[PDB]
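Data first, discussion second: the structure below is written as structure tokens.
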Amino acid sequence: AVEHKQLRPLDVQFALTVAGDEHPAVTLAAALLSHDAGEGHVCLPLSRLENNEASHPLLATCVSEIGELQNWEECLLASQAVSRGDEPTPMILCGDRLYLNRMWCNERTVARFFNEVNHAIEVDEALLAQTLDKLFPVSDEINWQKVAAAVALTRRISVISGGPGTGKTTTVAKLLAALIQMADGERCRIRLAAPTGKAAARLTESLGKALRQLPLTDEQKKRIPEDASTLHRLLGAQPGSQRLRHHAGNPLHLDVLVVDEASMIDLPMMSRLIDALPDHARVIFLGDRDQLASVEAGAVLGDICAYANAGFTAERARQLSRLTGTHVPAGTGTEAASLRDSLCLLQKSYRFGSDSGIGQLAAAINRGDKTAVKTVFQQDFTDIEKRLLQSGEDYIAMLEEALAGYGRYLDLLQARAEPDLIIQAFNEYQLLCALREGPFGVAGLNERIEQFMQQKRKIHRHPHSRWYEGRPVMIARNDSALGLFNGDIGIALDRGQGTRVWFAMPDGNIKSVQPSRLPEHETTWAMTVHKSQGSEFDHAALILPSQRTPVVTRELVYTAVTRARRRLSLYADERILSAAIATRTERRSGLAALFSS
DNA sequence: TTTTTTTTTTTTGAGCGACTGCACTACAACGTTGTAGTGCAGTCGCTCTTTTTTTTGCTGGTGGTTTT
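Below you can see the structure in the form of structure tokens.
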């Protein structure tokens, strides 16, 4: 890539410290490995290092041995920095892929967790089928949620892959209801994990409103899960040290663990969660397959769910047909039966069907760009609009359409109404941009919207006050004392006691906080796609820059499409949207070779 | 080029010198035994200051703060 050529000083200093007085081949390999680990690639194949490097004949002529060091494996193993996994070396080369020692340890831990410990819990099939028939009312055709709940309650470790609006939380509620109704006398300490606090709050309110609907008992309501915790808070991560409370000696005293949003879970946090689990806990992972990658280096959920396209096994198809009582198809071939059995694919979306163009566009994002052009082209399904953004008049037209997007918000702001309706009207329309600074970014679009509200008589703003009535703010760091998490929106207005910011709590109430008590506050007229994950908006509008950037890729446009409930607008060029679909954010990892053997 | 989380403390005196108890042999009183002197080991008090010393250019010299 363009960023991969501009070498960071960290990779150069790491290569000069690790290699030192060794050959320049080890220096170039360590620099390329550190640069690929900085971008998020877990493994480094030796074929790319051999072919796509111009210094390869130079390093071939620099080495001098009896065997001449023609292979990269002998040249790396001749140095004291690369071993086969026995000596405590920083770099590990085992399967013709060079990685770091920590990444190799976490990759082998994930492969051992998903290849060996995932055994089959044998339960009664008749009572499970009766609970699935009494919980799921649809029994006429094939329902993927029933098969997902059956394959999650059958095996210990299970991964549920599904997009937004497909009823994943209802599937988790039916799964937990059948889990408690199956084991009556056995105690079940259900635990819920989330990577972020706002997604944890959404998970708590969604599972509460899903489990209060289903009929339970007096002892069944006692075994309701209490709360969803952060992954740093469940394992006991400290700010100063990396020492965990449940690292390797005492595991977490849990029975079943549901980890929501596994797409934002990186490889070290996944390995630290795996090392904390006991030998009897059953873990259910949630997340989308085609969603955006993790925050730090690593891609766990994508490399897990890459084998979901092959299908199930021959025996597992008959097992699912005996459990669900319907016709479950089988997958052709068998490469890894445990991982292909533990996976599932959700295709039937309940909040949107084939009549809406949003789901068809989300299905056409993973396909070629001409499928997306055909999806936007014919009749637009009264849901998706596309506006070309090339010059300043297109920018003025985009701001004019954003005026109509925030029209109900400004109407409720000018009419001096209750703040709850103001927050409910603001949570229906949302702009999503890629970058932060410049003319195309967060700070550009926020300042342009503030200048446009200063121009037209819609929002009065004092230049020296910085806390005018009607500014939307968002928090950047968590604050458990105030009850607000990262990614929560607040609207500043004057109720009569002064300019205070109202936040919409997930418990149904509204909280008025002083702006002096806010730890962080950033203007949120246009959110980044990485920071808008977990939330949902009724009318989303994606804005992509004209300059080519590695942020705008297939998963970014997919998360921008799946962010919209009903209406979605686009402001991008044709060439940028055509090139962003083909350029997929691939992350090289050794999971595809370890799961194939 | 984007971005995630997190609130639990800990530990710290040792050498010098005496008190007391049990073992251990030397030697005189009545072969054996009681009294005396010393060695070794467990247990315990105790105790660890005091303080102040200065040259630096007021504007030393074409120097000089502030409004359009």
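Count along the first sequence from 1, add 9, and you get the number used in PDB author numbering.
In this text, a Cβ means the ideal position worked out from N, Cα and C, and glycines have one as well.
- DSSP, reduced to helix, strand and coil, places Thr592 outside both helices and strands of the structure shown, so it counts as coil.
- Excluding its 5 nearest sequence neighbours in each direction, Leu310 has C-beta neighbours in its own chain below 6 Å: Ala271, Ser272, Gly296, listed in chain order.
- Burial is judged here by how many other beta carbons sit within 10 angstroms of a residue's own beta carbon; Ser250 has fewer than 16 and is exposed.
- In this structure, the CA atom of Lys183 is about 11 Å from the CA atom of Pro224.
- In the DSSP annotation of this structure, the continuous segment of the alpha helix (DSSP H) that includes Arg117 starts and ends at 110 to 124.
- Using a Cβ-Cβ distance cut-off of 8 Å, the stretch 316 to 333 and the stretch 284 to 294 are not in contact, since fewer than three pairs of beta carbons, one from each stretch, lie closer than that value.
- For secondary structure counted as the beta strand (DSSP E) over 3 or more consecutive residues, the stretch 237 to 286 holds these complete runs in sequence order: 237 to 239, 265 to 268.
- Residue nearest to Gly258 within the set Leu244, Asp264, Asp269, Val268 is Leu244 (criterion: CA-CA distance).
- Selection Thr343, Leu352, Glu344, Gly206 evaluated against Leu329 yields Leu352 as nearest (Cα-Cα).
- A Cβ-Cβ contact shorter than 8 Å links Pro515 with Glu214.
- If only uninterrupted alpha helix (DSSP H) runs of at least 4 residues are considered, those enclosed by the stretch 485 to 572 are 563 to 571.
- The alpha-carbon separation between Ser598 and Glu125 amounts to approximately 19 Å.
- Note that the stretch 566 to 579 touches the stretch 540 to 549; at least 3 beta-carbon pairs, one per stretch, sit closer than 8 Å.
- Non-local beta-carbon contacts of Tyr108 in its own chain, meaning distances under 6 Å to residues more than five positions away in sequence, involve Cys52, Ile101 in chain order.
- Assigned with DSSP and collapsed to three states, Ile151 falls in coil, not helix or strand.
- Non-local C-beta neighbours of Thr558 in its own chain, meaning closer than 7 Å and more than five positions away in sequence, comprise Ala443, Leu444, ordered along the chain.
- A Cβ-Cβ contact shorter than 8 Å links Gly206 with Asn487.
- Taking the Cα of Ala158 as reference, the smallest distance to any Cα among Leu188, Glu446, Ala373 is reached at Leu188.
- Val522 is the residue among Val522, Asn518, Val566 whose C-alpha sits nearest the C-alpha of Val510.
- About 14 Å separates the beta carbon of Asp264 from that of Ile166, a gap too long to meet the 8 Å contact definition.
- Under the three-state reduction of DSSP output, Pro234 falls in the coil class, being neither helix nor strand.
- In the structure shown, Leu137 falls within a helical segment according to DSSP collapsed to helix, strand and coil.
- Counted as a single uninterrupted DSSP element, the alpha helix (DSSP H) harbouring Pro66 occupies residues 65 to 71.
- Each residue's CA atom was taken as its position, placing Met191 and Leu185 some 10 Å apart.
- Measuring C-alpha to C-alpha distances from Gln300 to each of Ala28, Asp582, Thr568, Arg584 identifies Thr568 as the nearest.
- When the Cα atoms are used, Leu276 and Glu529 turn out to be separated by approximately 29 Å.
- When the beta-carbon positions are compared, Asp403 and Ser365 stay at least 8 Å from each other.
- When secondary structure is reduced to three states using DSSP, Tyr580 falls in the strand class.
- In the three-state DSSP reduction, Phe294 falls in the strand class (E or B).
- According to DSSP, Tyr438 shares a beta bridge with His548.
- Assigned with DSSP and collapsed to three states, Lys395 falls in strand.
- The residues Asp275, in chain order, have a CB closer than 6 Å to that of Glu305 in the same chain once the five nearest residues on each side in sequence are set aside.
- About 7 Å separates the beta carbons of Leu19 and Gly47, which is inside the 8 Å limit, making them a contact pair.
- The C-beta distance from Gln463 to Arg470 rounds to 6 Å, short enough to fall under 8 Å.
- Here the stretch 372 to 384 makes contact with the stretch 585 to 593; the two share three or more CB pairs at distances below 8 Å.
- For the 8 Å CB-CB criterion, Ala34 and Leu68 form a contact.
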